[PDB]
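Chains as they are written, first to last, in the entry's author numbering: chain A, 2 to 50; chain B, 2 to 50; chain C, 500 to 547; chain D, 500 to 547; chain E, 500 to 547; chain F, 51 to 177, 455 to 499. A virtual CB, placed ideally from N, CA and C, is assigned to each residue, including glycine.
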Amino acid sequence: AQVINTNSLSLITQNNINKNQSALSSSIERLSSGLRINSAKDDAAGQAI
Amino acid sequence: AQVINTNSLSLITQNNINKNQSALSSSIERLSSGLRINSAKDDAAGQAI
Amino acid sequence: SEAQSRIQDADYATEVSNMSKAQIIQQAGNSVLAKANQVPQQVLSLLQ
Amino acid sequence: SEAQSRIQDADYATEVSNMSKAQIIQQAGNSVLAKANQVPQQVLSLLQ
Amino acid sequence: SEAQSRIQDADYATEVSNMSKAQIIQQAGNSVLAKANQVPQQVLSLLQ
Amino acid sequence: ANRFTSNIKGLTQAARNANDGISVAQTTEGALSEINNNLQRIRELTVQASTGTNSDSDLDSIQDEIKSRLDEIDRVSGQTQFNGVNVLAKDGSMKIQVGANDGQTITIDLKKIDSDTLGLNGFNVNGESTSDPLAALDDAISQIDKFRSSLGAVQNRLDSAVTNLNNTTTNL
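Okay, structure coming up:
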């Protein structure tokens with residue numbers, strides 16, 4: 002082995018999971034309610050219109 | 002995964018269900034009776050008229 | 500009302516697929532993180 | 500609630516790796532400690 | 500009747516999530532307690 | 051190595067501050083959305099009130115409900131707060147420190163929002456009545472719409488800052 006103090010590969014995996022986290026949360030949150038905008042983290046101009 | 006104690010995603014889901022249920026109750030109570038006004042917390046002036 | 504319908508609508512067809520993809524990605528990431536944690540035990544074997 | 504979740508949350512994803520790494524380092528340290536206790540034995544050959 | 504229902508209402512949606520969280524925490528605690536009992540084992544190998 | 055560790059810890063603290071800000075913004079945005087719903091409710095029934103068919107007695111009940119809604123708007127504006135800080139009490143600025151080095155912060159702007167700030171503050175329909460209720464209410468709603476747009480923009484900026492900081496910390 003080469004790295005024993007730090008699991009940088011684990012850090013990479015955790016970053017990938019964290020990146021997927023936002024997509025999963027947004028998808029399920031938008032699925033729960035009818036509105037696509039949902040308190041617009043999304044496009045603001047469409048929300049105003 | 003990060004969600005451990007407060008299942009925030011399902012929590013917003015439950016929040017959405019309550020907002021749905023309010024309109025569901027209003028719709029069903031308006032449909033059951035022939036009166037749309039239904040004890041006017043909705044349109045006081047129309048009910049007085 | 501028809502105009503409003505386009506701007507905001509869940510469009511469940513895309514949303515269910517996106518949710519499935521995200522679930523698969525999360526499960527795969529956790530599974531591979533397991534093997535990542537299992538990797539470094541060869542250090543102990545090298546000692547003895 | 501979702502705000503306090505950020506301040507107060509276990510986040511096992513980082514904690515389990517820390518636990519595993521600490522255990523690996525612990526067993527490595529104990530093994531090298533045993534091999535270190537083995538070290539001063541060479542004096543006996545010198546004496547006789 | 501509605502007044503009484505408001506004071507004492509089940510609203511299964513929140514309690515099902517709470518109970519599920521409860522067994523998740525319980526099973527995680529038992530799993531980590533296994534490793535907790537495992538921790539002092541290596542002293543035997545430390546002995547010799 | 052020591053410098054790198056200090057940098058990593060600073061970046062982690064900056065990410066935590068960014069999370070604080072990202073929560074603050076969404077709380078304030080929800081409050082203003084709930085305020086805007088009240089403006090819409092005002093809109094529909096002032097539209098019906100402007101019609102001359104409704105009698106004089108009708109306008110009194112309409113104005114009573116209008117005053118109730120306006121008082122509710124003022125109340126929700128005053129009440130809402132985050133961690134001992136009233137977001138809508140005064141027009142002000144809050145800076146979120148998202149940089150390990152000194153002075154690198156991202157600004158969040160808040161403006162005071164009460165019944166008077168949006169306009170009318172004296173809205174009457176039974177007389455003398457407001458010269459133009461309707462476009463005044465539209466102008467009020469547009470302001471909260473732009474405010475939500477700004478909060479959404481800063482929300483996205485903080486999210487991007489968090490993901491950038493995560494990548495940077497992992498690489499370091």
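With 8 Å set as the bound, which would you pick, yes or no: does the beta-carbon of residue i sit closer than that to a beta-carbon of chain D?
i: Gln-541/E; result: yes
i: residue 72/A; result: Limits of chain A in this structure are 2 at one end and 50 at the other, which puts residue 72/A out of reach.
i: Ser-73/F; result: yes
i: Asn-483/F; result: no
i: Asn-21/A; result: no
i: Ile-5/B; result: yes
i: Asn-69/F; result: yes
Measure from the C-beta of residue i to each C-beta in chain A and report whether the shortest distance is under 8 Å.
i: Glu-514/C; result: yes
i: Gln-522/C; result: yes
i: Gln-547/C; result: no
i: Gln-507/C; result: yes
i: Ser-105/F; result: no
i: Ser-476/F; result: yes
Would residue i pass as an interface residue toward chain C - the criterion being a Cβ-Cβ separation below 8 Å?
i: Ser-28/A; result: yes
i: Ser-519/D; result: yes
i: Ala-2/A; result: yes
i: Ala-24/A; result: yes
Is there a Cβ from chain B that is less than 8 Å from the Cβ of residue i?
i: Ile-112/F; result: yes
i: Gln-48/A; result: no
i: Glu-79/F; result: no
i: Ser-544/D; result: no
i: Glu-115/F; result: yes
i: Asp-459/F; result: no
Compare the C-alpha of residue i against each of the options and name the closest.
i: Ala-2/B; options: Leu-32/A, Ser-34/A, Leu-10/A and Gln-15/A; result: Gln-15/A
i: residue 383/F; options: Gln-90/F, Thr-77/F and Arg-53/F; result: Because residue 383/F lies between 177 and 455, and chain F jumps straight from the first to the second, it has no atoms in this structure.
i: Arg-484/F; options: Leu-464/F, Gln-76/F and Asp-459/F; result: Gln-76/F
i: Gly-47/A; options: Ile-92/F, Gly-102/F, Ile-72/F and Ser-476/F; result: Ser-476/F
i: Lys-20/B; options: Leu-25/A, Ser-28/A, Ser-11/A and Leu-36/A; result: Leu-36/A
i: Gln-22/B; options: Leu-543/E, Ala-512/E, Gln-547/E and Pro-539/E; result: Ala-512/E
i: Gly-71/F; options: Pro-539/D, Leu-543/D, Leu-545/D and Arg-505/D; result: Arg-505/D
i: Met-144/F; options: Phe-54/F, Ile-468/F and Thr-78/F; result: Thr-78/F
i: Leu-545/C; options: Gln-547/D, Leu-545/D, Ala-527/D and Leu-546/D; result: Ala-527/D
i: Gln-503/D; options: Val-74/F, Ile-158/F and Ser-100/F; result: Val-74/F
i: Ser-516/D; options: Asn-17/A, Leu-25/A and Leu-10/A; result: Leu-10/A
i: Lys-140/F; options: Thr-62/F, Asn-151/F, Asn-133/F and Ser-127/F; result: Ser-127/F
i: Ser-56/F; options: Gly-134/F, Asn-151/F, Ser-107/F and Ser-105/F; result: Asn-151/F
i: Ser-118/F; options: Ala-24/B, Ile-18/B and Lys-42/B; result: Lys-42/B
i: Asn-491/F; options: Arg-53/F, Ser-456/F, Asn-52/F and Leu-61/F; result: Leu-61/F
i: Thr-157/F; options: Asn-494/F, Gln-470/F, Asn-52/F and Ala-488/F; result: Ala-488/F
i: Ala-45/B; options: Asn-133/F, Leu-461/F, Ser-111/F and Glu-94/F; result: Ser-111/F
i: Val-531/E; options: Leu-532/D, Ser-500/D, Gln-547/D and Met-518/D; result: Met-518/D
i: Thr-495/F; options: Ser-469/F, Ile-58/F, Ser-456/F and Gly-177/F; result: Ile-58/F
Under 8 Å, Cβ to Cβ, is there at least one residue of chain E near residue i?
i: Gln-526/D; result: yes
i: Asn-529/D; result: yes
i: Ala-533/D; result: yes
Is residue i near residue j, with beta carbons less than 8 Å apart?
i: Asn-529/D; j: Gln-537/E; result: no
i: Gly-142/F; j: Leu-160/F; result: yes
i: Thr-497/F; j: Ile-13/A; result: yes
i: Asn-8/A; j: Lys-534/D; result: no
i: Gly-80/F; j: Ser-40/A; result: yes
i: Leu-170/F; j: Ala-463/F; result: yes
i: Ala-480/F; j: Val-148/F; result: no
i: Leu-82/F; j: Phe-474/F; result: yes
i: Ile-85/F; j: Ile-116/F; result: no
i: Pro-539/C; j: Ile-5/A; result: yes
i: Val-175/F; j: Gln-98/F; result: no
i: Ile-146/F; j: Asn-88/F; result: no
i: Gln-129/F; j: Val-137/F; result: no
i: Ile-18/A; j: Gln-525/C; result: yes
i: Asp-472/F; j: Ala-24/A; result: no
i: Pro-460/F; j: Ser-100/F; result: yes
i: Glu-501/C; j: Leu-32/A; result: no
Taking only beta-carbon positions, decide if residue i is within less than 8 Å of chain F.
i: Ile-13/A; result: yes
i: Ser-33/A; result: no
When you compare the CB of residue i with every CB in chain I, is at least one pair closer than 8 Å?
i: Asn-8/A; result: The structure shown contains no chain I; its protein chains are A, B, C, D, E and F.
Using a Cβ-based criterion (distance less than 7 Å to any ligand heavy atom), does residue i qualify as near the ligand NAP?
i: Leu-546/E; result: Annotation note on the ligand NAP: not contained in the displayed structure, which lists no ligands.
> Counting Cβ pairs, one atom from each stretch, are 3 or more of them under 8 Å apart for the stretch 149 to 166 of chain F and the stretch 123 to 131 of chain F?
Replying inline: yes
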